[PDB]
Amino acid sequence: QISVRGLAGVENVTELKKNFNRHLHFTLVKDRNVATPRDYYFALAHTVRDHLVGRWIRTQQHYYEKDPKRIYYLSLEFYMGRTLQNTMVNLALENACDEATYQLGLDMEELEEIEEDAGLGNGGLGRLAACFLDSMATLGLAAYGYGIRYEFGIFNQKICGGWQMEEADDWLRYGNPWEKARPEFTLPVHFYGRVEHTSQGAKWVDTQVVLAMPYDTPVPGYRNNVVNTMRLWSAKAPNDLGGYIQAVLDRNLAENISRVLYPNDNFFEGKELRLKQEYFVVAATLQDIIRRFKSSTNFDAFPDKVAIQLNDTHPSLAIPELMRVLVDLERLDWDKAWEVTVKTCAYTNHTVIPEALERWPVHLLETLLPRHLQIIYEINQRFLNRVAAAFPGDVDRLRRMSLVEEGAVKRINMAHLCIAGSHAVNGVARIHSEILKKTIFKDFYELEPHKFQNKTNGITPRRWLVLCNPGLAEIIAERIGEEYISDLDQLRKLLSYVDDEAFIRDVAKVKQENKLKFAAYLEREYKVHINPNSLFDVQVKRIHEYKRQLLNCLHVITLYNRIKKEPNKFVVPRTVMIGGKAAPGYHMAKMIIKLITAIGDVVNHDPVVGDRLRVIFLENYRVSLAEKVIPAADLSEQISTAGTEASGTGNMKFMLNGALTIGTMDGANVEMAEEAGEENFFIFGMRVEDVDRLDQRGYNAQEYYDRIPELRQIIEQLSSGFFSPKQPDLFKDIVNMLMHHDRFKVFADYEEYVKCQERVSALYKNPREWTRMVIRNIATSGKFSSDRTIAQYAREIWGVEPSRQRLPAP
């Protein structure tokens, strides 16, 4: 059908149909008479999977022969989403499979909807790991993603009575055709025990053993025949067990380690199970790395053949674990082992929010990992000696930089451990990286300035453009070719089409088709009533106070009140869509979701409003839903308080898909506006400097409430029960927070936000100019490709050169 989807050759299609029927018969053990849509999905998946194996085997054989430096990306989250379409795209099999299934009398799009999302992540941090894997494969790097195979990913969200309800994400129920269990490579992981000091070195004895079983999933590069690996560990109890029956049943105690993903987004919860998960992934991965290193004993070359990237501090135990192995097992002297460790590890920070920082209680590490605690203490001591030497007499700096935090209970600052044991520390957006050097990590930057870098986040244009928005990818390819898909900077060539009447019309047509498509999906599933002609105003991301879904709510209520005030006055029609999950134990986030649905209950049923304003809460927001709503959006809401969103990535997805952005100068928003030009962005609100000034003076919400009549009305409506008749004080906690303890200054940006939104509605009334501004955004989104991000990590941190060379065919 469309060019960018590859060729559907006679031989190829015939071969596909043949193999589809083979799998349906032999693999699924079914015949055409009893097969269900799910059976058909699996037959297709196995058929596509087959095309991947040959390349997978020779890619790995290739690395074994050329022995390049390996990149190990350690993360406790890999937010993969679905794998079928992405695999077809990267193998240029999409049109062929579409035709093959068409001839078999099946609708491929219907089959793709059956696949379960691999939701092994919470949000930004986990999805970045996913985009990164795609870019590393596309850039020909010998990379391996290492994580945990949770049998339950991020919970599925159900909305009942306007409230969030959580249900287990049993994504493996029907099986996972993409993974390959590798029981032969199982490794032991140790916990508890005690440390024994013998003549020649310390020994960690009397430990509890849990086995780590690896499951490998292929990661295909874009049309370059490279297929890398994502290895996920699963917990298994050893076989060596009222006495008998119970002993067997207790095996699940050990296997609970990989049972479920902790649903906290940017929030630290010091639970023992979480700590076990963190060590489990680190211990198994490091043995795997070392094993592979010794195959093709000086460890001096270790840093030249190995690079370990820590995604946040979750896998920070890799630092002391690597030291433990080198010093305790390999018997290297401390100083030598430390040099190797520092040169091997690099750390990526994802937030400056205090409640998100990992600070593990000493008594927990003491019981669970006694040897690691001793190593951490030794690291801290030698580090502080270095600080004392560089800043003589500065005793306060000593306590500020210590990895050990005194107080009620002693804690280990994992962020400090990561900086001390890494040769590179990076922020994820220019403003974020600057904030790290100027504030929270100022002391460390002063001691070792060379370690601090910036690596602005990015997204993969394969999943976030070609896969989810084929219509847009096609009209773009029509003018500039297909080269941009793996070289996004080429989109700048689109700048010469900003006055092209044909292009303007096509860009607008693609958006309209996406909106109609999504509007239908909302009806087909969930039975809603949105109007395709309205402006699609969307804010999708995890529910968090710093994200400010509440500021958006205030605007919605403002719009509704203005309409009720002057009913027959014209207003640009809008469909406000808000979606995202709230962590199960985050009360305020759960109240915000209820507020949104409550507002919808009033606004969507008011006769005077009509179809001029609709408020919809997008249920169960996840990767596959993002692929649907983002291409249909007109306005992207990125309104976090300045200085709180380290980077953001959703913002980049919206920009690449033709939506204009309304946001604060926070995270990557600053760089996006810089690339597209501020006049092509809807910027508003306090800048980081403004927030600091307010904090110096002291934030008093009452002041805003007293001086802004429209705001006062909203707060009084919430308080009086206008949005909760049967429960008048239902939102008392929300009002109290906004009025007395709002860490994110919602009221402070209210006025500028509302005015900015007016400028948005004004531009939307002029279709031609709205579309021209859209073209200016899409054309300058190239910098946000994760291929650019990965190329920088490769050259500036890992010391390897990316390659676009096709691997010697399949």
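Numbers follow the displayed sequence, beginning with 1.
- Unmodelled deposited residues between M588 and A589: none, per the record.
- The entry models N736 and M737 with no unmodelled deposited residue separating them.
- As recorded in the PDB entry, 719-727 is the stretch of 630-638 and 719-727 with the greater mean C-alpha temperature factor.
- Here 798-806 and 16-24 are compared by their mean Cα B-factor, and 798-806 comes out higher.
- Highest CA B-factor among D443, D666, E179, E366, as stated in the entry: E366.
- When the C-alpha B-factors of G471, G147, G658, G105 are ranked from the entry, the top spot goes to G105.
- Among the modelled residues of its chain, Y41 has a C-alpha B-factor that falls in the lowest third, as given in the PDB entry.
- In the deposited entry, the Cα temperature factor of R759 sits in the middle third of values across the chain's modelled residues.
- In the PDB entry, a CA B factor belonging to the highest third of its chain's modelled residues is recorded for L52.
- Ranked by C-alpha B-factor against the other modelled residues of its chain, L317 falls in the lowest third.
- Among the modelled residues of its chain, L495 has a C-alpha B-factor that falls in the highest third, as given in the PDB entry.
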